[PDB]
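Enquirer: Structure in structure tokens, see below.
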Amino acid sequence: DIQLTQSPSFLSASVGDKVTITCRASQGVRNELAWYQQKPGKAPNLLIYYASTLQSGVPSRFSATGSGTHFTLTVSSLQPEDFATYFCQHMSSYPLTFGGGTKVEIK
Amino acid sequence: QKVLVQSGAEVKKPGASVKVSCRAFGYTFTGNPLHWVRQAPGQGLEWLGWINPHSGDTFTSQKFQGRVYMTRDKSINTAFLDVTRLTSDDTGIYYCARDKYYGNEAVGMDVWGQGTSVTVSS
Amino acid sequence: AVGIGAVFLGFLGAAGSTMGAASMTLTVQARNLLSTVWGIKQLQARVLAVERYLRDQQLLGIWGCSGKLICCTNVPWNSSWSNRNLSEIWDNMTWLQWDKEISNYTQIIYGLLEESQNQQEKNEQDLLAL
Amino acid sequence: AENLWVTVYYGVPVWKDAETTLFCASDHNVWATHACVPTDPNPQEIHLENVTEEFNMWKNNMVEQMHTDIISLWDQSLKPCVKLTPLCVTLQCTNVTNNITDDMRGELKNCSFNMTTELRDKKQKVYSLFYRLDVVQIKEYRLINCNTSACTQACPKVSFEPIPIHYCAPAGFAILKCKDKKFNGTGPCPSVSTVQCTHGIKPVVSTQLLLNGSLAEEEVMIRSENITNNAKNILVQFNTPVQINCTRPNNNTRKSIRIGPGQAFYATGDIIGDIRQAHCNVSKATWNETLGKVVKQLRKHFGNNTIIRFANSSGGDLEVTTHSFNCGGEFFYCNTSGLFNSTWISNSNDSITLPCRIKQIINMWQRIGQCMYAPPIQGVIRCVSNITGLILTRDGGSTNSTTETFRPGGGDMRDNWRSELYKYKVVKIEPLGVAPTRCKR
Amino acid sequence: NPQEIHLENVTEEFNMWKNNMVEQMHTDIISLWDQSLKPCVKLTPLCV
Ligand SMILES: *[C@@H]1O[C@H](CO)[C@@H](O[C@@H]2O[C@H](CO)[C@@H](O[C@@H]3O[C@H](CO)[C@@H](O)[C@H](O[C@H]4O[C@H](CO)[C@@H](O)[C@H](O)[C@@H]4O[C@H]4O[C@H](CO)[C@@H](O)[C@H](O)[C@@H]4O)[C@@H]3O)[C@H](O)[C@H]2NC(C)=O)[C@H](O)[C@H]1NC(C)=O
Ligand SMILES: *[C@@H]1O[C@H](CO)[C@@H](O[C@@H]2O[C@H](CO)[C@@H](O[C@@H]3O[C@H](CO)[C@@H](O)[C@H](O)[C@@H]3O)[C@H](O)[C@H]2NC(C)=O)[C@H](O)[C@H]1NC(C)=O
Ligand SMILES: *[C@@H]1O[C@H](CO)[C@@H](O[C@@H]2O[C@H](CO)[C@@H](O)[C@H](O)[C@H]2NC(C)=O)[C@H](O)[C@H]1NC(C)=O
Ligand SMILES: *[C@@H]1O[C@H](CO)[C@@H](O[C@@H]2O[C@H](CO)[C@@H](O)[C@H](O)[C@H]2NC(C)=O)[C@H](O)[C@H]1NC(C)=O
Ligand SMILES: *[C@@H]1O[C@H](CO)[C@@H](O[C@@H]2O[C@H](CO)[C@@H](O)[C@H](O)[C@H]2NC(C)=O)[C@H](O)[C@H]1NC(C)=O
Ligand SMILES: *[C@@H]1O[C@H](CO)[C@@H](O[C@@H]2O[C@H](CO)[C@@H](O)[C@H](O)[C@H]2NC(C)=O)[C@H](O)[C@H]1NC(C)=O
Ligand SMILES: *[C@@H]1O[C@H](CO)[C@@H](O[C@@H]2O[C@H](CO)[C@@H](O)[C@H](O)[C@H]2NC(C)=O)[C@H](O)[C@H]1NC(C)=O
Ligand SMILES: *[C@@H]1O[C@H](CO)[C@@H](O[C@@H]2O[C@H](CO)[C@@H](O)[C@H](O)[C@H]2NC(C)=O)[C@H](O)[C@H]1NC(C)=O
Ligand SMILES: *[C@@H]1O[C@H](CO)[C@@H](O)[C@H](O)[C@H]1NC(C)=O
Ligand SMILES: *[C@@H]1O[C@H](CO)[C@@H](O)[C@H](O)[C@H]1NC(C)=O
Ligand SMILES: *[C@@H]1O[C@H](CO)[C@@H](O)[C@H](O)[C@H]1NC(C)=O
Ligand SMILES: *[C@@H]1O[C@H](CO)[C@@H](O)[C@H](O)[C@H]1NC(C)=O
Ligand SMILES: *[C@@H]1O[C@H](CO)[C@@H](O)[C@H](O)[C@H]1NC(C)=O
Ligand SMILES: *[C@@H]1O[C@H](CO)[C@@H](O)[C@H](O)[C@H]1NC(C)=O
Ligand SMILES: *[C@@H]1O[C@H](CO)[C@@H](O)[C@H](O)[C@H]1NC(C)=O
């Protein structure tokens, strides 16, 4: 399968600070990437598709950039309800696999 | 308006068969494909596969072929996932998700069901 | 990415899609055009629908585009009708906006197609005479 | 260096605003569903993505078509019934005074009169209990409609209960539905769908209170063609229905008098037991909280510090000045004075009782010279309904004062249909189009 | 000269007791009987 690795696994930050989370893919995907957010014991929600486009209704503070193997998700200004498990998932070839899981925690 | 609703939680013995339903509201059922994914307790999301409600074509992950089946009924706008030979490793929340599917190819899962909890124990 | 084939969006589901995508569902809209106070609210409406469909079919037929959903013609696109390039037409605009834009030049284009079809028929008759 | 050519596309998804004749669909009654297409068991709604459509409830032709259809069905249902031309005679009327309450003083007239029989050369002396609103003194009285037109008795086997009706468009036409919640009936709707026909709309005839209608799924909705214009009726749609219990408790007796060959007139013989006023009950706390919601929604349009007052209807016919409706064949006109009587300043189990007067001679639509006589209903009658909206009218409008007064309104039933068809429009598909392409024939 | 086309090698299922032609003829006959009597005199005075 295609391996998706994430950095950092855990992260402590304050409201108003900036968070940058990196997804790295063993194989090359041009823009076949999706960023999701899942809260504790709740269904996941889509944040980014095509690695650079916000999902409708997503706050504009979110942003993402990257092509090939290196991708970054940026939260410009942390918000109180933005603490959740962040996922990055590829769809270039079967099967579709999700990232390890990045958890943002308040400081 | 786009919503997906599943059946209730299931508790089964090992080796049985479980049927998870998923009905769509607010959008054309045949107009998008449906992913079937699962999340184990405290683990990540495992991609079981996805089905095309219009043509009826299905794709299952290579580590699930011959074990999990998918079907749909357009008359009631529902998609069924049938998982057989249940084991203790199959416990978790099954999710049915609508893909954005712009350009007749996978783009992203934007609408998700409430999640059906399936448990397997002796 | 990965795909599993085409999907069905409904009767007018492709209304909001681009012209390139909307042209892949022409038949979907095409086949739905034909089908004592309430009973007489049906007869004349059915007649009107039949007349509208037959007017459209005759209009297509007198251009040489009979029995076709996409039809090329010998009438050049006079740029005065529209100055947009194809790149911004077929990939960044829908058919409703196009109908809004070109509502003024419809009948002259229709007459041009009619006369071009008549010329084509006469030319074919002349050619087959030899 | 373009070398572009015309290319004809047939089947293009493009539509234009159009007016056409929608036909009825539904799953003895006045609303003739026996001439309606069967409704599909699983109606299909096509959800149009990226489509934004201009809607206007106050210029919808669907309302006019529904008005015409309802009037036509009402006229058709009454054609085969008995015409009470002989009923126009001198009436010897006395006061019904046995077991009557202080609120029924002279409300019922015991009227004796001569009448025709099946034999042309014979007459029968009969009597009936009429209502004070239905007779006018010439001890000698005559029916109110006698100097305007002869009244047609309603066929007793036909039921007045509303049945849902769907309005499906013909071929080549589509019905666009606005799914946008919080939509106020005018402007761009970005959430649009295509439907073969609407939800089942019940033709409920009511004044000053919309009954058995649809409810707003988000909050109370205020709609007006021009809110700043006091002459325009304000349509209020509730989200929580207000239960109203309306009863006539008189144990009426129906007798039949043969007025001709195969012609029967249904008279009110005698009331078994006590005689007391018909009335309606509305929960007081529910009405208070509904009025609070209406006030807080109206403050958005008329300012945050304005005083919002609810008062009585200004005046006019009994149809408009009172909540007029039908409850199991009998026509109620209820004095809605306990409802719209309050002032609101920005900062248990009892119920409001609305007295009601029953009428048999009815002018349903605003038509002079076409009246209907409702036969009496055998026994006590009760009906429970949902108040789902209001038809208000703003009083005055001068800038001198900071107080706004809203009074109940109605009369024109087009507003009643408009509250249900506000989220619908009809369009005609234009499948032909011409586009530029490099292709050449 | 009405034309009858004789179908060879054709066997068809017939049922006289479920024929809609009978119902249509019944309706047409009743309608014609009603129509013929509409522009006639009504003997309402005769009830004496
Ligand atoms: C809003 O909706 C609510 C709920 O749908 C409406 O309330 C319902 O109203 C209907 C009709 O008004 C009512 O049904 C009647 O119930 C009566 C009591 O159970 C029945 O007696 C009555 O049957 C008689 O009438 C029918 C036609 O109306 C006949 O088909 C039937 O054979 C009966 O007629 C016989 O009896 C009468 C009286 O003795 C006699 O005159 C006749 O000759 C014949 O012998 C109906 O079934 C429901 O019970 C109501 N339900 C509730 C919960 O209240 C409400 O009216 C709606 N509001 C508006 C404004 O439309
Ligand atoms: C409704 O409109 C939206 C846009 O307003 C449509 O989404 C757009 O779809 C196109 C093609 O499906 C996308 O183009 C793609 O862009 C990516 C990245 O540049 C490229 O790799 C692809 O090859 C393709 O060109 C476009 O990005 C996308 N826009 C957004 C904001 O998502 C949508 O498809 C429309 N819906 C319907 C039913 O037509
Ligand atoms: C209405 O008037 C009629 C007649 O005027 C009343 O019928 C009479 O009832 C009494 C009993 O109280 C009988 O003795 C008479 O023979 C009846 N007369 C006829 C002609 O029927 C009737 O009771 C009155 N009803 C009401 C409500 O006042
Ligand atoms: C029914 O008709 C009879 C006869 O026309 C009426 O009785 C007459 O009443 C008038 C007064 O209005 C007298 O001058 C006649 O002498 C009466 N004649 C007879 C034969 O009684 C009777 O009043 C009528 N009934 C009603 C209710 O109007
Ligand atoms: C009055 O309003 C109540 C509440 O909306 C209606 O009760 C609903 O009836 C529908 C039937 O279509 C059900 O699907 C809902 O679940 C009911 N809701 C509740 C809270 O009971 C009631 O039917 C309405 N009555 C009338 C006569 O319109
Ligand atoms: C409307 O409300 C009044 C009281 O507010 C009701 O009158 C009561 O009716 C009950 C019948 O169940 C009697 O037992 C009581 O004695 C009555 N009390 C009074 C003060 O009248 C009336 O019944 C209600 N009507 C409806 C249709 O709900
Ligand atoms: C609304 O309330 C006013 C105030 O009570 C009503 O005016 C009354 O009208 C009656 C005649 O029906 C008079 O006897 C009263 O004296 C009037 N009241 C006052 C204070 O003068 C008015 O009728 C009510 N509106 C409706 C439609 O009933
Ligand atoms: C509607 O109800 C109101 C309230 O009862 C009526 O106003 C009353 O009218 C009577 C006249 O018979 C007065 O004695 C009361 O003092 C009035 N009460 C109030 C609070 O103003 C009104 O008249 C009724 N409307 C109709 C048309 O009868
Ligand atoms: C009948 O009663 C009304 C109201 O009580 C009264 O005005 C009328 O004069 C009475 N008629 C009689 C007693 O004839
Ligand atoms: C009928 O009589 C009533 C009361 O006598 C009156 O108000 C009405 O104007 C009359 N109508 C006609 C057409 O004469
Ligand atoms: C409410 O109606 C007004 C009438 O002009 C309109 O301008 C406005 O857009 C409507 N509200 C919304 C949310 O569209
Ligand atoms: C609404 O009515 C007021 C008062 O007559 C008028 O000034 C205003 O122009 C009207 N608005 C529209 C949109 O017609
Ligand atoms: C009405 O009167 C009839 C006849 O006396 C009786 O059978 C019936 O029970 C009465 N109904 C009520 C509600 O009193
Ligand atoms: C109306 O009647 C129903 C059923 O009897 C009852 O539950 C409700 O409380 C009543 N409401 C009023 C306002 O009388
Ligand atoms: C209207 O409200 C006033 C309170 O100021 C009260 O005195 C009066 O009795 C009310 N009238 C009705 C008919 O509810």
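FYI, nothing fancy with the structure tokens labels: chains A, B, ... in order, residues from 1 per chain, ligands from 1 as they appear.
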Sorted by chain and rising residue number, list the residues of chain D at most 9 Å from ligand 1 (counting only C-alpha atoms and all ligand atoms), each with its closest atom pair and distance in Å to one decimal, as a tab-separated table.
Expert:
residue	atom	partner	partner_atom_place_in_ligand_line	distance
D:28	CA	ligand 1	30 (O)	7.9
D:29	CA	ligand 1	27 (C)	8.4
D:156	CA	ligand 1	43 (O)	6.5
D:157	CA	ligand 1	43 (O)	6.9
D:158	CA	ligand 1	27 (C)	7.2
D:159	CA	ligand 1	27 (C)	4.7
D:160	CA	ligand 1	28 (O)	6.6
D:161	CA	ligand 1	11 (C)	5.3
D:162	CA	ligand 1	61 (O)	5.7
D:163	CA	ligand 1	61 (O)	8.9
D:202	CA	ligand 1	61 (O)	8.1
D:203	CA	ligand 1	61 (O)	8.1
D:204	CA	ligand 1	61 (O)	5.4
D:205	CA	ligand 1	60 (C)	6.8
D:206	CA	ligand 1	60 (C)	6.7
D:210	CA	ligand 1	60 (C)	8.5
D:211	CA	ligand 1	60 (C)	5.5
D:212	CA	ligand 1	1 (C)	5.0
D:213	CA	ligand 1	1 (C)	8.7
D:245	CA	ligand 1	54 (O)	7.9
D:246	CA	ligand 1	54 (O)	8.8
D:254	CA	ligand 1	41 (O)	8.0
D:325	CA	ligand 1	60 (C)	6.1
D:326	CA	ligand 1	60 (C)	5.8
D:327	CA	ligand 1	56 (O)	5.2
D:328	CA	ligand 1	12 (O)	3.6
D:329	CA	ligand 1	28 (O)	6.7
D:375	CA	ligand 1	41 (O)	8.7
D:376	CA	ligand 1	41 (O)	7.5
D:377	CA	ligand 1	41 (O)	4.6
D:378	CA	ligand 1	39 (O)	4.4
D:379	CA	ligand 1	39 (O)	5.8
D:380	CA	ligand 1	38 (C)	8.3
D:381	CA	ligand 1	18 (C)	7.2
D:382	CA	ligand 1	54 (O)	6.5
D:383	CA	ligand 1	54 (O)	3.8
D:384	CA	ligand 1	54 (O)	3.9
D:385	CA	ligand 1	1 (C)	4.5
D:386	CA	ligand 1	1 (C)	6.7
Enquirer: Mind listing the residues within 6 Å of ligand 4, only C-alpha atoms and all ligand atoms counted, as a PDB file with C-alpha atoms, in the first residue's frame?
Expert:
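The new file part20.pdb reads:
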ATOM      1  CA  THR D  90     -92.826  34.753   4.149  1.00  0.00           C
ATOM      2  CA  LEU D  91     -91.671  33.246   7.452  1.00  0.00           C
ATOM      3  CA  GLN D  92     -93.681  33.425  10.683  1.00  0.00           C
ATOM      4  CA  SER D 112     -93.052  28.319  10.254  1.00  0.00           C
ATOM      5  CA  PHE D 113     -93.899  28.631   6.567  1.00  0.00           C
ATOM      6  CA  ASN D 114     -95.930  27.113   3.767  1.00  0.00           C
TER       7      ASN D 114
END
Enquirer: What's around stretch 94-104 of chain A at 8 Å? Count only C-alpha atoms, leave out sequence neighbours fewer than 2 positions away in its own chain, and write the answer as number ranges by chain.
Expert: A: 1-13, 21, 23, 82-92, 106; B: 44-47, 49, 61-62; C: 2
Enquirer: List all protein, DNA and RNA residues that have any atom at most 7 Å from ligand 15, counting only C-alpha atoms and all ligand atoms, and write the list as a short mmCIF file (atom, residue, chain, number, x, y, z; two decimals) with N, CA and C atoms, in the first residue's frame.
Expert:
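The new file out12.cif reads:
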data_model
loop_
_atom_site.label_atom_id
_atom_site.label_comp_id
_atom_site.auth_asym_id
_atom_site.auth_seq_id
_atom_site.Cartn_x
_atom_site.Cartn_y
_atom_site.Cartn_z
N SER D 337 -61.31 38.17 19.39
CA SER D 337 -61.00 39.34 20.19
C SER D 337 -60.06 39.03 21.35
N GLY D 338 -60.12 37.82 21.90
CA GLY D 338 -59.19 37.43 22.94
C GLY D 338 -57.80 37.08 22.46
N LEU D 339 -57.61 36.95 21.15
CA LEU D 339 -56.31 36.60 20.58
C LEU D 339 -55.48 37.85 20.29
N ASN D 341 -55.28 41.02 21.19
CA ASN D 341 -55.60 42.06 22.18
C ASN D 341 -54.44 42.09 23.17
N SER D 342 -53.45 42.94 22.88
CA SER D 342 -52.27 43.02 23.74
C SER D 342 -51.34 44.11 23.23
#
Enquirer: How would you report the residues lying within 8 Å of ligand 9, as a ChimeraX atom specification, if you count only C-alpha atoms and all ligand atoms?
Expert: /D:93-96,105-107,139
Enquirer: Let me have all residues with an atom within 12 Å of ligand 14, counting only C-alpha atoms and all ligand atoms, laid out as a compact mmCIF listing (two decimals) with N, CA and C atoms, in the first residue's frame.
Expert:
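For reference, pocket-v3.txt as written:
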# COMPACT_ATOMS: atom_id res chain seq x y z
N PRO D 241 -47.19 24.79 15.82
CA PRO D 241 -48.63 25.03 15.63
C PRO D 241 -49.33 25.28 16.95
N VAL D 242 -50.39 26.07 16.90
CA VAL D 242 -51.21 26.36 18.08
C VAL D 242 -52.50 25.55 17.96
N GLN D 243 -52.72 24.65 18.91
CA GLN D 243 -53.90 23.80 18.85
C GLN D 243 -55.15 24.61 19.17
N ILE D 244 -56.16 24.50 18.32
CA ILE D 244 -57.44 25.18 18.50
C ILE D 244 -58.55 24.13 18.45
N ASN D 245 -59.43 24.15 19.45
CA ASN D 245 -60.52 23.19 19.58
C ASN D 245 -61.84 23.93 19.41
N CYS D 246 -62.53 23.69 18.29
CA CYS D 246 -63.76 24.40 17.94
C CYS D 246 -64.94 23.44 17.98
N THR D 247 -66.00 23.82 18.69
CA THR D 247 -67.14 22.94 18.89
C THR D 247 -68.45 23.71 18.77
N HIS D 279 -68.27 27.64 20.14
CA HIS D 279 -67.10 28.42 20.54
C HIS D 279 -65.83 27.70 20.09
N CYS D 280 -64.70 28.34 20.37
CA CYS D 280 -63.38 27.76 20.15
C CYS D 280 -62.51 28.03 21.36
N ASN D 281 -61.53 27.15 21.58
CA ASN D 281 -60.58 27.26 22.67
C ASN D 281 -59.17 27.27 22.10
N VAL D 282 -58.35 28.20 22.57
CA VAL D 282 -56.94 28.29 22.19
C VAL D 282 -56.11 28.37 23.46
N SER D 283 -55.05 27.57 23.54
CA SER D 283 -54.19 27.59 24.72
C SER D 283 -53.59 28.98 24.91
N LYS D 284 -53.72 29.50 26.13
CA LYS D 284 -53.33 30.89 26.39
C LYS D 284 -51.81 31.04 26.40
N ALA D 285 -51.10 30.14 27.08
CA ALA D 285 -49.64 30.23 27.13
C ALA D 285 -49.02 30.02 25.75
N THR D 286 -49.54 29.05 24.99
CA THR D 286 -49.03 28.81 23.65
C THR D 286 -49.27 30.03 22.76
N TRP D 287 -50.45 30.63 22.85
CA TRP D 287 -50.72 31.83 22.06
C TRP D 287 -49.80 32.97 22.48
N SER D 348 -51.26 28.97 32.70
CA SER D 348 -51.16 27.70 33.41
C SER D 348 -51.85 26.59 32.63
N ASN D 349 -53.18 26.51 32.76
CA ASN D 349 -53.98 25.55 32.01
C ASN D 349 -55.24 26.15 31.41
N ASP D 350 -55.64 27.35 31.81
CA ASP D 350 -56.80 27.99 31.21
C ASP D 350 -56.53 28.29 29.74
N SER D 351 -57.60 28.57 29.00
CA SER D 351 -57.52 28.83 27.58
C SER D 351 -58.40 30.02 27.22
N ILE D 352 -58.03 30.71 26.15
CA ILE D 352 -58.83 31.80 25.62
C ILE D 352 -60.01 31.20 24.87
N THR D 353 -61.21 31.65 25.21
CA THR D 353 -62.45 31.18 24.60
C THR D 353 -62.94 32.24 23.62
N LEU D 354 -63.06 31.84 22.35
CA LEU D 354 -63.55 32.71 21.30
C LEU D 354 -64.99 32.33 20.98
N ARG D 382 -67.32 18.64 16.92
CA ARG D 382 -66.07 19.17 17.44
C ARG D 382 -64.98 18.89 16.42
N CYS D 383 -64.02 19.82 16.34
CA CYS D 383 -62.88 19.66 15.45
C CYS D 383 -61.66 20.33 16.07
N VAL D 384 -60.52 19.66 15.96
CA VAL D 384 -59.24 20.15 16.47
C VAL D 384 -58.35 20.46 15.28
N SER D 385 -57.76 21.66 15.29
CA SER D 385 -56.97 22.13 14.16
C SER D 385 -55.68 22.77 14.67
N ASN D 386 -54.73 22.92 13.74
CA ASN D 386 -53.48 23.62 14.00
C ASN D 386 -53.56 25.01 13.38
N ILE D 387 -53.34 26.04 14.19
CA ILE D 387 -53.07 27.37 13.66
C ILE D 387 -51.58 27.41 13.32
Enquirer: Could the residues that lie within 10 Å of ligand 11, counting only C-alpha atoms and all ligand atoms, be listed as number ranges by chain?
Expert: D: 55-56, 180-190, 222-227, 301
Enquirer: List as JSON lines every residue of chain C that is in contact with chain B, defined as an atom at most 10 Å from one of its atoms (using only C-alpha atoms), together with the nearest atom pair and the distance in Å rounded to one decimal, sorted by chain and then rising number.
Expert:
{"residue": "C:1", "atom": "CA", "partner": "B:106", "partner_atom": "CA", "distance": 6.0}
{"residue": "C:2", "atom": "CA", "partner": "B:105", "partner_atom": "CA", "distance": 5.4}
{"residue": "C:3", "atom": "CA", "partner": "B:105", "partner_atom": "CA", "distance": 4.3}
{"residue": "C:4", "atom": "CA", "partner": "B:52", "partner_atom": "CA", "distance": 6.8}
{"residue": "C:5", "atom": "CA", "partner": "B:104", "partner_atom": "CA", "distance": 6.5}
{"residue": "C:6", "atom": "CA", "partner": "B:104", "partner_atom": "CA", "distance": 6.0}
{"residue": "C:7", "atom": "CA", "partner": "B:31", "partner_atom": "CA", "distance": 5.2}
{"residue": "C:8", "atom": "CA", "partner": "B:31", "partner_atom": "CA", "distance": 4.9}
{"residue": "C:9", "atom": "CA", "partner": "B:31", "partner_atom": "CA", "distance": 4.5}
{"residue": "C:10", "atom": "CA", "partner": "B:28", "partner_atom": "CA", "distance": 7.1}
{"residue": "C:13", "atom": "CA", "partner": "B:28", "partner_atom": "CA", "distance": 8.3}
{"residue": "C:21", "atom": "CA", "partner": "B:103", "partner_atom": "CA", "distance": 8.6}
Enquirer: Check the smallest atom-to-atom distance from each of D:17, D:27, D:103, D:49 to chain B using only C-alpha atoms, then report the winner.
Expert: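 For chain B, the nearest of the given residues is D:49.
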Enquirer: Counting only C-alpha atoms and all ligand atoms, what are the residues, protein, DNA or RNA alike, that approach ligand 3 to within 12 Å? I want them as an mmCIF file with C-alpha atoms, in the first residue's frame.
Expert:
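The result, written out as selection32.cif:
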data_model
loop_
_atom_site.group_PDB
_atom_site.id
_atom_site.type_symbol
_atom_site.label_atom_id
_atom_site.label_comp_id
_atom_site.auth_asym_id
_atom_site.auth_seq_id
_atom_site.Cartn_x
_atom_site.Cartn_y
_atom_site.Cartn_z
ATOM 1 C CA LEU D 91 -91.671 33.246 7.452
ATOM 2 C CA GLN D 92 -93.681 33.425 10.683
ATOM 3 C CA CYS D 93 -90.791 33.476 13.156
ATOM 4 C CA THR D 94 -90.735 33.336 16.955
ATOM 5 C CA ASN D 95 -87.856 33.354 19.427
ATOM 6 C CA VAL D 96 -86.314 30.026 20.440
ATOM 7 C CA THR D 97 -86.396 30.419 24.231
ATOM 8 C CA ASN D 98 -86.400 26.856 25.624
ATOM 9 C CA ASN D 99 -83.203 25.946 27.510
ATOM 10 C CA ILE D 100 -81.172 28.824 26.046
ATOM 11 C CA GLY D 106 -82.662 35.526 20.021
ATOM 12 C CA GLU D 107 -79.853 33.851 18.078
ATOM 13 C CA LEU D 108 -82.246 31.125 16.843
ATOM 14 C CA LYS D 109 -85.586 31.749 15.118
ATOM 15 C CA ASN D 110 -88.334 29.117 15.038
ATOM 16 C CA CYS D 111 -89.896 29.916 11.655
ATOM 17 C CA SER D 112 -93.052 28.319 10.254
ATOM 18 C CA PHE D 113 -93.899 28.631 6.567
ATOM 19 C CA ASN D 114 -95.930 27.113 3.767
ATOM 20 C CA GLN D 124 -97.568 21.743 3.473
ATOM 21 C CA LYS D 125 -97.141 23.850 6.616
ATOM 22 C CA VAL D 126 -93.643 23.142 7.971
ATOM 23 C CA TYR D 127 -91.196 24.788 10.357
ATOM 24 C CA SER D 128 -87.445 25.081 10.828
ATOM 25 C CA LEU D 129 -84.862 26.586 13.177
ATOM 26 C CA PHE D 130 -82.926 29.308 11.347
ATOM 27 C CA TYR D 131 -80.081 31.490 12.581
ATOM 28 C CA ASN D 250 -76.068 21.797 20.219
ATOM 29 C CA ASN D 251 -77.548 18.344 19.565
ATOM 30 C CA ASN D 252 -79.125 19.432 16.296
ATOM 31 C CA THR D 253 -81.871 17.334 14.703
ATOM 32 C CA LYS D 255 -85.521 16.567 9.332
ATOM 33 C CA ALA D 267 -84.375 21.637 8.030
ATOM 34 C CA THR D 268 -83.287 21.916 11.659
ATOM 35 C CA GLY D 269 -86.139 20.363 13.625
ATOM 36 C CA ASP D 270 -85.287 20.800 17.302
ATOM 37 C CA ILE D 271 -82.210 20.965 19.522
ATOM 38 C CA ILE D 272 -82.124 18.020 21.936
ATOM 39 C CA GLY D 273 -81.232 19.351 25.382
ATOM 40 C CA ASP D 274 -79.557 22.606 26.359
ATOM 41 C CA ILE D 275 -78.871 25.313 23.769
#
Enquirer: List as a VMD selection string the protein and nucleic acid residues lying within 9 Å of ligand 2, with only C-alpha atoms and all ligand atoms counted.
Expert: (chain A and resid 30 to 32 49 to 56) or (chain B and resid 31 100 to 104 107) or (chain C and resid 9 13 to 18 21 to 22 91 to 92 94) or (chain D and resid 48 to 51)
Enquirer: I need the residues in stretch 10-120 of chain C that are alpha helix (DSSP H) according to DSSP; give them as a short mmCIF file (atom, residue, chain, number, x, y, z; two decimals) with C-alpha atoms, in the first residue's frame.
Expert:
data_model
loop_
_atom_site.label_atom_id
_atom_site.label_comp_id
_atom_site.auth_asym_id
_atom_site.auth_seq_id
_atom_site.Cartn_x
_atom_site.Cartn_y
_atom_site.Cartn_z
CA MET C 19 -21.25 23.24 -20.84
CA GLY C 20 -18.74 20.44 -21.37
CA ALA C 21 -20.27 18.39 -18.57
CA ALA C 22 -23.84 19.41 -19.40
CA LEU C 26 -28.42 15.99 -23.37
CA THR C 27 -30.55 12.86 -23.81
CA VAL C 28 -31.69 13.09 -20.17
CA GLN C 29 -33.43 16.40 -20.85
CA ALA C 30 -34.41 15.38 -24.39
CA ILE C 40 -59.66 19.33 -19.40
CA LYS C 41 -56.54 20.68 -17.67
CA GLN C 42 -54.70 17.80 -19.42
CA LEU C 43 -55.87 17.61 -23.05
CA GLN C 44 -54.87 21.11 -24.19
CA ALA C 45 -51.63 21.04 -22.16
CA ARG C 46 -50.67 17.74 -23.81
CA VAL C 47 -51.49 19.30 -27.19
CA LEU C 48 -49.30 22.31 -26.36
CA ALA C 49 -46.40 20.06 -25.33
CA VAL C 50 -46.75 18.11 -28.58
CA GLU C 51 -46.74 21.31 -30.64
CA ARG C 52 -43.67 22.64 -28.82
CA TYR C 53 -41.78 19.37 -29.34
CA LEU C 54 -42.75 19.26 -33.02
CA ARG C 55 -41.73 22.88 -33.54
CA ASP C 56 -38.31 22.07 -32.08
CA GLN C 57 -38.00 18.93 -34.22
CA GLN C 58 -38.97 20.75 -37.43
CA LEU C 59 -36.56 23.57 -36.58
CA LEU C 60 -33.75 21.03 -36.17
CA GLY C 61 -34.75 19.15 -39.32
CA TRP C 95 -25.74 26.94 -20.47
CA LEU C 96 -28.16 29.25 -18.62
CA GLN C 97 -25.66 32.11 -18.72
CA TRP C 98 -25.09 31.40 -22.42
CA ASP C 99 -28.83 31.61 -23.10
CA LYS C 100 -28.91 34.88 -21.17
CA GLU C 101 -26.03 36.25 -23.25
CA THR C 106 -31.27 33.58 -32.11
CA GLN C 107 -33.58 34.11 -35.09
CA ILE C 108 -30.95 35.40 -37.52
CA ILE C 109 -28.78 32.36 -36.75
CA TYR C 110 -31.81 30.11 -37.27
CA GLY C 111 -32.51 31.70 -40.66
CA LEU C 112 -28.86 31.39 -41.65
CA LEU C 113 -28.94 27.69 -40.78
CA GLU C 114 -32.16 27.28 -42.78
CA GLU C 115 -30.75 28.89 -45.93
CA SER C 116 -27.47 27.00 -45.54
CA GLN C 117 -29.39 23.72 -45.35
CA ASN C 118 -31.37 24.62 -48.47
CA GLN C 119 -28.13 25.43 -50.31
CA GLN C 120 -26.64 22.13 -49.14
#
